[PDB]
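Engineer: Provided below: coords_38.pdb, containing PDB, C-alpha atoms.
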ATOM      1  CA  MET A   1      69.569 107.565 124.168  1.00  0.00           C
ATOM      2  CA  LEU A   2      68.569 104.378 122.387  1.00  0.00           C
ATOM      3  CA  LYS A   3      68.463 101.328 124.625  1.00  0.00           C
ATOM      4  CA  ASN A   4      66.216  99.394 126.979  1.00  0.00           C
ATOM      5  CA  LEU A   5      66.099  96.165 128.950  1.00  0.00           C
ATOM      6  CA  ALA A   6      65.140  92.996 127.116  1.00  0.00           C
ATOM      7  CA  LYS A   7      67.293  92.786 124.010  1.00  0.00           C
ATOM      8  CA  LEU A   8      65.506  89.797 122.526  1.00  0.00           C
ATOM      9  CA  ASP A   9      64.693  86.469 124.134  1.00  0.00           C
ATOM     10  CA  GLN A  10      60.946  85.949 124.027  1.00  0.00           C
ATOM     11  CA  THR A  11      60.958  83.288 121.334  1.00  0.00           C
ATOM     12  CA  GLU A  12      61.708  80.903 124.175  1.00  0.00           C
ATOM     13  CA  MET A  13      58.283  81.707 125.569  1.00  0.00           C
ATOM     14  CA  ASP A  14      56.786  79.899 122.600  1.00  0.00           C
ATOM     15  CA  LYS A  15      59.380  77.151 122.837  1.00  0.00           C
ATOM     16  CA  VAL A  16      58.909  76.701 126.566  1.00  0.00           C
ATOM     17  CA  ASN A  17      55.374  75.814 125.545  1.00  0.00           C
ATOM     18  CA  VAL A  18      55.953  73.157 122.913  1.00  0.00           C
ATOM     19  CA  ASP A  19      58.803  72.133 125.182  1.00  0.00           C
ATOM     20  CA  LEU A  20      56.183  70.041 126.938  1.00  0.00           C
ATOM     21  CA  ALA A  21      54.808  68.793 123.640  1.00  0.00           C
ATOM     22  CA  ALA A  22      57.788  66.869 122.321  1.00  0.00           C
ATOM     23  CA  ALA A  23      61.312  66.399 123.620  1.00  0.00           C
ATOM     24  CA  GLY A  24      62.798  65.952 120.168  1.00  0.00           C
ATOM     25  CA  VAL A  25      61.889  62.365 119.376  1.00  0.00           C
ATOM     26  CA  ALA A  26      58.794  61.927 117.241  1.00  0.00           C
ATOM     27  CA  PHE A  27      60.186  64.927 115.398  1.00  0.00           C
ATOM     28  CA  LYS A  28      63.220  63.096 114.066  1.00  0.00           C
ATOM     29  CA  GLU A  29      65.566  60.620 115.706  1.00  0.00           C
ATOM     30  CA  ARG A  30      68.203  63.101 114.603  1.00  0.00           C
ATOM     31  CA  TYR A  31      70.934  60.719 115.697  1.00  0.00           C
ATOM     32  CA  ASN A  32      68.941  57.538 115.211  1.00  0.00           C
ATOM     33  CA  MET A  33      67.547  57.318 118.723  1.00  0.00           C
ATOM     34  CA  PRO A  34      66.224  54.008 120.069  1.00  0.00           C
ATOM     35  CA  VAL A  35      62.716  53.303 121.304  1.00  0.00           C
ATOM     36  CA  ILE A  36      63.355  55.825 124.053  1.00  0.00           C
ATOM     37  CA  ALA A  37      62.814  59.516 124.693  1.00  0.00           C
ATOM     38  CA  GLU A  38      65.038  59.950 127.726  1.00  0.00           C
ATOM     39  CA  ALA A  39      67.875  59.169 125.345  1.00  0.00           C
ATOM     40  CA  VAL A  40      66.702  61.653 122.741  1.00  0.00           C
ATOM     41  CA  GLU A  41      67.381  64.439 125.212  1.00  0.00           C
ATOM     42  CA  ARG A  42      70.403  62.819 126.814  1.00  0.00           C
ATOM     43  CA  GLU A  43      71.922  62.490 123.363  1.00  0.00           C
ATOM     44  CA  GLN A  44      70.683  65.292 121.140  1.00  0.00           C
ATOM     45  CA  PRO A  45      67.175  66.751 121.430  1.00  0.00           C
ATOM     46  CA  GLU A  46      65.753  68.051 118.171  1.00  0.00           C
ATOM     47  CA  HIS A  47      63.815  70.853 119.819  1.00  0.00           C
ATOM     48  CA  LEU A  48      67.102  71.991 121.310  1.00  0.00           C
ATOM     49  CA  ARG A  49      67.910  72.726 117.686  1.00  0.00           C
ATOM     50  CA  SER A  50      65.372  75.533 117.762  1.00  0.00           C
ATOM     51  CA  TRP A  51      65.196  75.879 121.526  1.00  0.00           C
ATOM     52  CA  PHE A  52      68.904  76.628 121.386  1.00  0.00           C
ATOM     53  CA  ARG A  53      69.152  78.103 117.910  1.00  0.00           C
ATOM     54  CA  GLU A  54      65.861  79.896 118.438  1.00  0.00           C
ATOM     55  CA  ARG A  55      67.977  82.980 117.854  1.00  0.00           C
ATOM     56  CA  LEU A  56      67.343  82.126 114.221  1.00  0.00           C
ATOM     57  CA  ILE A  57      65.875  78.682 113.666  1.00  0.00           C
ATOM     58  CA  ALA A  58      65.759  79.286 109.932  1.00  0.00           C
ATOM     59  CA  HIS A  59      64.625  76.636 107.479  1.00  0.00           C
ATOM     60  CA  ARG A  60      62.220  75.043 109.928  1.00  0.00           C
ATOM     61  CA  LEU A  61      60.176  71.927 109.264  1.00  0.00           C
ATOM     62  CA  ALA A  62      61.684  68.470 108.942  1.00  0.00           C
ATOM     63  CA  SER A  63      59.200  65.619 108.772  1.00  0.00           C
ATOM     64  CA  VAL A  64      60.927  62.325 109.472  1.00  0.00           C
ATOM     65  CA  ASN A  65      58.376  60.181 111.267  1.00  0.00           C
ATOM     66  CA  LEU A  66      55.091  61.984 110.737  1.00  0.00           C
ATOM     67  CA  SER A  67      55.618  62.012 106.988  1.00  0.00           C
ATOM     68  CA  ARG A  68      52.935  63.774 104.984  1.00  0.00           C
ATOM     69  CA  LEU A  69      51.982  64.489 101.391  1.00  0.00           C
ATOM     70  CA  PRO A  70      51.575  61.073  99.754  1.00  0.00           C
ATOM     71  CA  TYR A  71      51.761  60.261  96.061  1.00  0.00           C
ATOM     72  CA  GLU A  72      48.053  59.954  95.360  1.00  0.00           C
ATOM     73  CA  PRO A  73      47.067  59.243  91.749  1.00  0.00           C
ATOM     74  CA  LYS A  74      44.744  62.220  91.506  1.00  0.00           C
ATOM     75  CA  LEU A  75      42.365  62.683  88.598  1.00  0.00           C
ATOM     76  CA  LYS A  76      40.044  59.787  89.346  1.00  0.00           C
TER      77      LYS A  76
END
Would you give me this structure, written as structure tokens?
Structural biologist:
Amino acid sequence: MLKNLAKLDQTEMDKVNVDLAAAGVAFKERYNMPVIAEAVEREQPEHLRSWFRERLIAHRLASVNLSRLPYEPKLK
């Protein structure tokens, strides 16, 4: 009548990709992780935030380490 397999769970396909990129460290300690990555996942992986909440990441973006958009003087 109005149904079909696959309700909605493809977003992971894009996450399963970046999943190899970062593990949720460089992104943002999140919980103030030490100079380790195996602890970032063992504790609380950032990605998991979207990899798990993918259902509706919402907000998005963070910037904790990278840090962009300085305070240039502009205008010579």
Engineer: Could you give me, as a PyMOL selection string, the residues that sit within 9 Å of (62.8, 66.8, 130.1) in the file's coordinates, counting all atoms listed in the file?
Structural biologist: chain A and resi 19-20+23+38+41
Engineer: Using the chain letters and numbers from the file, which residues does the PyMOL selection byres ((chain A and resi 64-72) around 7) grab, as a VMD selection string?
Structural biologist: chain A and resid 26 to 28 62 to 63 73 to 74
Engineer: For a cutoff of 10 Å around the file-coordinate point (60.9, 80.0, 121.4), which residues qualify once you count all atoms listed in the file? I'd like the result as a PyMOL selection string.
Structural biologist: chain A and resi 9-19+47+50-57
Engineer: Quick one: distance from CA of residue 37 in chain A to CA of residue 21 in chain A in Å, one decimal?
Structural biologist: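 Separation between CA of residue 37 in chain A and CA of residue 21 in chain A: 12.3 Å.
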Engineer: Between A:58, A:75, A:22, A:6, which is the closest to residue 40 in chain A once you count all atoms listed in the file?
Structural biologist: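 For residue 40 in chain A, the nearest of the given residues is A:22.
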Engineer: What's the separation between CA of residue 30 in chain A and CA of residue 49 in chain A, in Å to one decimal place?
Structural biologist: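 Rounded to one decimal, the two atoms are 10.1 Å apart.
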Engineer: Using all atoms listed in the file, pick whichever of A:35, A:60, A:24, A:8 has the shortest atom-to-atom distance to residue 48 in chain A.
Structural biologist: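 Residue with the minimum atom-to-atom distance to residue 48 in chain A: A:24.
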Engineer: Record the distance separating CA of residue 46 in chain A and CA of residue 25 in chain A, expressed in Å with one decimal.
Structural biologist: 7.0 Å
Engineer: Complete the atom set of range 12-27 of chain A to N, CA and C atoms and return it as a short mmCIF file (atom, residue, chain, number, x, y, z; two decimals), in the coordinates of the input.
Structural biologist:
data_model
loop_
_atom_site.label_atom_id
_atom_site.label_comp_id
_atom_site.auth_asym_id
_atom_site.auth_seq_id
_atom_site.Cartn_x
_atom_site.Cartn_y
_atom_site.Cartn_z
N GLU A 12 61.66 82.04 123.28
CA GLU A 12 61.71 80.90 124.18
C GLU A 12 60.34 80.68 124.83
N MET A 13 59.60 81.77 124.96
CA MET A 13 58.28 81.71 125.57
C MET A 13 57.36 80.78 124.78
N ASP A 14 57.59 80.74 123.47
CA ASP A 14 56.79 79.90 122.60
C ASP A 14 57.38 78.49 122.57
N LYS A 15 58.68 78.42 122.83
CA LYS A 15 59.38 77.15 122.84
C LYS A 15 59.13 76.44 124.17
N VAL A 16 59.13 77.24 125.23
CA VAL A 16 58.91 76.70 126.57
C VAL A 16 57.53 76.05 126.62
N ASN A 17 56.72 76.36 125.62
CA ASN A 17 55.37 75.81 125.54
C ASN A 17 55.43 74.43 124.90
N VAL A 18 55.85 74.41 123.65
CA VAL A 18 55.95 73.16 122.91
C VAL A 18 56.99 72.26 123.58
N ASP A 19 57.77 72.86 124.47
CA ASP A 19 58.80 72.13 125.18
C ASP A 19 58.17 70.93 125.90
N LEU A 20 56.91 71.10 126.25
CA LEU A 20 56.18 70.04 126.94
C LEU A 20 55.61 69.07 125.91
N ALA A 21 55.36 69.60 124.72
CA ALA A 21 54.81 68.79 123.64
C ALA A 21 55.74 67.61 123.37
N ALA A 22 56.82 67.90 122.65
CA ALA A 22 57.79 66.87 122.32
C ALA A 22 59.13 67.22 122.97
N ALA A 23 60.00 66.21 123.03
CA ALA A 23 61.31 66.40 123.62
C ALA A 23 62.37 66.31 122.52
N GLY A 24 61.90 66.06 121.31
CA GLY A 24 62.80 65.95 120.17
C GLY A 24 62.98 64.49 119.75
N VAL A 25 61.87 63.77 119.75
CA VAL A 25 61.89 62.36 119.38
C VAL A 25 61.03 62.16 118.12
N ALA A 26 59.73 62.12 118.34
CA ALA A 26 58.79 61.93 117.24
C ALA A 26 59.21 62.82 116.07
N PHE A 27 59.75 63.98 116.41
CA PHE A 27 60.19 64.93 115.40
C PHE A 27 61.12 64.26 114.39
#
